[PDB]
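*Asks:* need a 3D model of the sequence below.
(one chain, ligands or ions: 3)
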Amino acid sequence: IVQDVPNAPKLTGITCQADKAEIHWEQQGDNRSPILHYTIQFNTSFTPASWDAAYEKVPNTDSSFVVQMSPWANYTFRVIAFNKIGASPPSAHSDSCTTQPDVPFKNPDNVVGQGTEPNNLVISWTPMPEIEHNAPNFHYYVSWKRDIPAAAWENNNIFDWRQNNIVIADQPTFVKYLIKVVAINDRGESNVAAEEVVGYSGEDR
Ligand SMILES: *[C@@H]1O[C@H](CO)[C@@H](O[C@@H]2O[C@H](CO)[C@@H](O)[C@H](O)[C@H]2NC(C)=O)[C@H](O)[C@H]1NC(C)=O
Ligand SMILES: *[C@@H]1O[C@H](CO)[C@@H](O)[C@H](O)[C@H]1NC(C)=O
Ligand code: NA
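*Replies:* Numbers count the residues shown, from 1 in each chain. Ligands and ions are numbered 1, 2, ... in the order given. Pasting the structure now:
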């Protein structure tokens, strides 16, 4: 038998719920090599040119699948069929689903407090991409204080979601600080308590 990758599946419909979508499709021929699994890909209005995997290796017996959707986003999906020869061209993309705003569901990862020079303290974190913003006017709220009884938190709003640090200067060398980096948007601060990270001014811990 002469084999080839499968034909593009036909996306037949979609159901858009508040926090999930059910995508439906019909395979269109396996060109003589049984379909092994499907991949459901998705793109958003934030990064429309990027197609990322919503789910890989979806069973060959499924003709529909439920995928989770994050708050404040528009999503369109497409399906690719795979057989031993390889991947089929993608199906046409689905109609879009729009999700409503909510508070952020996480705070930034990799929070570090460390000086780069003797008398400063640099607080850094990994920026959260737009799909994690969850509502308009997303910003980071950075707080810090010396680990001294009665010391008050000093705070700073960072409205640039791509910014990954703040530099605090005129600090004593090698002293301890308690630090927090919280995600906040129009709906409120995130629903997960941020970890109080221990940091040190100067270059040593
Ligand atoms: C996901 O990517 C597709 C393109 O691969 C987007 O579809 C294009 O959208 C523009 C309008 O923004 C149309 O003018 C083009 O004709 C589109 N056509 C398709 C046929 O490719 C789609 O809008 C993107 N999804 C989201 C949510 O941005
Ligand atoms: C969704 O698409 C509409 C229409 O293009 C746009 O006005 C809106 O900004 C988009 N929303 C998000 C969260 O990307
Ligand atoms: Na989101």
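
*Asks:* domain parsing for this structure?
*Replies:* Domains of the chain are assigned by curated CATH domains as 1-99, 100-205.

*Asks:* reformat the ones you listed as a markdown table; add distance to ligand 1 and mean neighbour count.
*Replies:* The C-beta positions use only the backbone N, C-alpha and C, and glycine is treated the same way. Output for those, formatted as a markdown table (distance: least, Cβ to the nearest ligand atom, whole Å; neighbours: other Cβ atoms under 10 Å):
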| stretch | distance to ligand 1 | mean neighbour count |
| --- | --- | --- |
| domain 1-99 | 4 | 16 |
| domain 100-205 | 11 | 16 |
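
*Asks:* now those in JSON lines, please, with extra columns for distance to ligand 3.
*Replies:* Formatted as JSON lines, those follow (distance: least, Cβ to the ion, whole Å):
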{"stretch": "domain 1-99", "distance to ligand 3": "3"}
{"stretch": "domain 100-205", "distance to ligand 3": "4"}
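
*Asks:* tabulate these (CSV), appending distance to ligand 2.
*Replies:* What follows is the domains of the chain, written out as CSV (distance: least, Cβ to the nearest ligand atom, whole Å):
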stretch, distance to ligand 2
domain 1-99, 4
domain 100-205, 8
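
*Asks:* dump the residue contacts of residue 44.
*Replies:* Contact analysis of residue 44 by Cβ atoms under 8 Å, 6 or more residues apart in numbering lists 73-75, 130-131.

*Asks:* can you pull the phi/psi pair for it?
*Replies:* Dihedral pair for residue 44: phi -130, psi 170, per degrees, to the nearest 10.

*Asks:* so what's residue 155 up against?
*Replies:* Each residue near residue 155 by Cβ under 8 Å, 6+ apart is listed here: 141-143.

*Asks:* report the central residue of the protein.
*Replies:* Geometric centre of the chain, nearest residue: residue 132, 4.7 Å, by Cα atoms, centre = their mean.

*Asks:* hang on, isn't it packed against residue 70?
*Replies:* Yes: counting by Cβ atoms under 8 Å, residue 132 does reach residue 70; the two are 6.9 Å apart.
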